[PDB]
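What follows is one structure encoded as structure tokens, with my remarks underneath.
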Amino acid sequence: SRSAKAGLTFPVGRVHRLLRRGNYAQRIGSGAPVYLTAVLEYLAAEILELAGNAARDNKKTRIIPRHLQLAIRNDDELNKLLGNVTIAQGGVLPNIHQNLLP
Amino acid sequence: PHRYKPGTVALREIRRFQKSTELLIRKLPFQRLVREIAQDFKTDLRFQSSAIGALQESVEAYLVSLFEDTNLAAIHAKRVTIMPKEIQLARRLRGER
Amino acid sequence: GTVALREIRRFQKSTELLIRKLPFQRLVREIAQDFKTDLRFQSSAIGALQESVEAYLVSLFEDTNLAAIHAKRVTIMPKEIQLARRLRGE
Amino acid sequence: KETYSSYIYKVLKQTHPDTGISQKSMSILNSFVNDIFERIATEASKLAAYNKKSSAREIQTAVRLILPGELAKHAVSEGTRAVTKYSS
Amino acid sequence: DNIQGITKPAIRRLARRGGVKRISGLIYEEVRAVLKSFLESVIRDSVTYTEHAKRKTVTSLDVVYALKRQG
């Protein structure tokens, strides 16, 4: 397929239809309409690897939403990318002030 | 008497919460508050429980972010007890309103 | 009298943007060379930048002054500046 | 309705063959993918309105200022490698 | 190597602009750090504008467009 011939796996045609419906431009760039899908695929691979690592850390086979929470929050670059958006049933990294301790 | 000094269990209990991720607000009083604040506009609103759950999560997240920010603003000063000054300063600094 | 001058020419006190044009221009060309060497700076549109930066700074000093009076002290420590940076959101 | 669960599932499977998923996390990923797509796509639209005219350079540049540069260079490089693979 | 071009009296009158005549001994270094953390981004956005302008000369519209995104 087009993704297979490109080495991709995300459905490019669905995104093409979405962009055509969104009418962000009359004639969208058809030289590489799956490129915007390729960058999203790279970001998704990053976040999925981090989530899988976080889930593996606490001996849980399945991706806990909290596991994804610390996976995204730990990375400073990820926090800069997406920091104004919260995640349902997420959490907060344990941050206790050293001078607060007795 | 197994009484510990003020704050001895506080750090432990803070660790207990910041480990946890559950709903910190009882659902029924939150429903009461939502209905009270929403009936002032139109009747037969027909709220869907998923919606109230969504705003519940939103408000708790906003409040914990606020509270950590005011904790930082208070630990600025030689203070470990929070007073209205820190809350007002945190609200005004970001220009929420 | 020694007050009415301070009343009739002090009806208009404004204060101005101050950072010197030539040193600032040299600095921005210096930090622009490594980003893109032989970058020809247009002599226009640099006043708008040199007003926007000063605006953001004076916002930072007003925030840190609010933090300072919050600490019953007039001088500025690094703590106020770093927490202003963090709480603003960057 | 066409869901996107299959693609994210197979990406997780090609990066972690023994790690499961949760239903809440599925919606989390779906919303993340959707809103990132919309954000970068309207950025590309405003970049098309940027130039006094009616491709792939616009999308490359749009991903080039929207997300931190460290991952941005990898994103553009892998996108270019993908289009080279798809060219023939 | 001209970051030190911004002189100390420049910082002192910058502080005078915002009120309070109290000034520390390293507030100048701190404001140098914050300008190094601000202007590099407000010119990097213009660099991306030049990249997506096919244009070797910065113009007012491009730089203001890249600048206004700060808020």
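Note that the numbers count up from 1, one per residue, in the order the chain is shown.
Method of determination (from the header): electron microscopy, 3.5 Å.
Placed from the backbone N, Cα and C atoms, the Cβ positions cover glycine too.
Pulled from Swiss-Prot:
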MOD_RES   B:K19  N6-propionyllysine
MOD_RES   B:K19  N6-malonyllysine
MOD_RES   B:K19  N6-acetyllysine
MOD_RES   B:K27  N6-acetyllysine
MOD_RES   B:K42  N6,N6,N6-trimethyllysine
MOD_RES   B:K42  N6,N6-dimethyllysine
MOD_RES   B:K42  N6-succinyllysine
MOD_RES   B:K42  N6-methyllysine
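In the three-state DSSP scheme, B:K42 (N6,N6,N6-trimethyllysine) is classed as coil. The most crowded of the modified residues listed here (B:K19, B:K42) is B:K19, judged by how many other CB atoms sit within 10 Å of its own CB. Sequence-distant neighbours of B:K27 (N6-acetyllysine): residues of the same chain at least 6 apart with a C-beta under 8 Å from its C-beta are B:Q56. On a Cα basis, the residue listed as 'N6-propionyllysine' lies 40 Å away from B:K42 (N6,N6,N6-trimethyllysine).
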